[PDB]
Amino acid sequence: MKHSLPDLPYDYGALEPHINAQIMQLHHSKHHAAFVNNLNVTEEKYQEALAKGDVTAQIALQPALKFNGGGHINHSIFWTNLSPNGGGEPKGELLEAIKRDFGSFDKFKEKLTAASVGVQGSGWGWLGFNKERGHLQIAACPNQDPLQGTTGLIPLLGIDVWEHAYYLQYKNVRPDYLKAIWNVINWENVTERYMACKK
């Protein structure tokens, strides 16, 4: 199929001052681009191995596939979760679900911040939808392990806590980044993803 790097839905500087333009440009044009390129190389090798019945080769390719495939999945969602027009609080049924499942919007922010701050090493914090239980759920994922492929939860909002997501601007202080990012959450997109889950 040949995966492609999706265009960013805004200018690299559109999320300033919360995420600076240098980070956005590196994150999209270098990090995400590399995931796409390496995913395409890995998928081609997997097709060769499947055609030959080389199970050893398939298994040896799994780390690169999950890492670059997961990186592509996660970053593709991440870009749509952010917006220069973002921030504030969601409305409608998503806000109702947040209050129901987490108590309040403020308590939800505390819980998702805590999950994202708690990642040791590289990883992601997620607000997801549990289809079987029919409610929201917070989870963390290591490295580039993607939410749906590894947990079954449908991703609604992801917070990248790899050092490349914040280090140039916030250095070691991940909590300052986690506080800033709330100003650019695209609740319109998160709402669209949530509504798609229900019926």
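When you see a residue number, it is the position in the sequence shown, counting from 1.
- Mean CA temperature factor is higher for 44-52 when stretches 44-52 and 163-171 are set side by side in the entry.
- In this entry, the higher average B-factor at the C-alpha atoms falls on 6-14, of the pair 6-14 and 176-184.
- Residue 76: CA B factor in the middle third of modelled residues in this chain (values from the PDB entry).
- Ranked within its chain, residue 114 lands in the highest third, by CA B factor from the PDB record.
- Compared with the other modelled residues of the chain, the Cα B-factor recorded for residue 97 ranks in the highest third.
- In the PDB entry, residue 108 places in the highest third of its chain by CA B-factor.
- Residue 125: CA B factor lies in the lowest third for its chain, per the PDB record.
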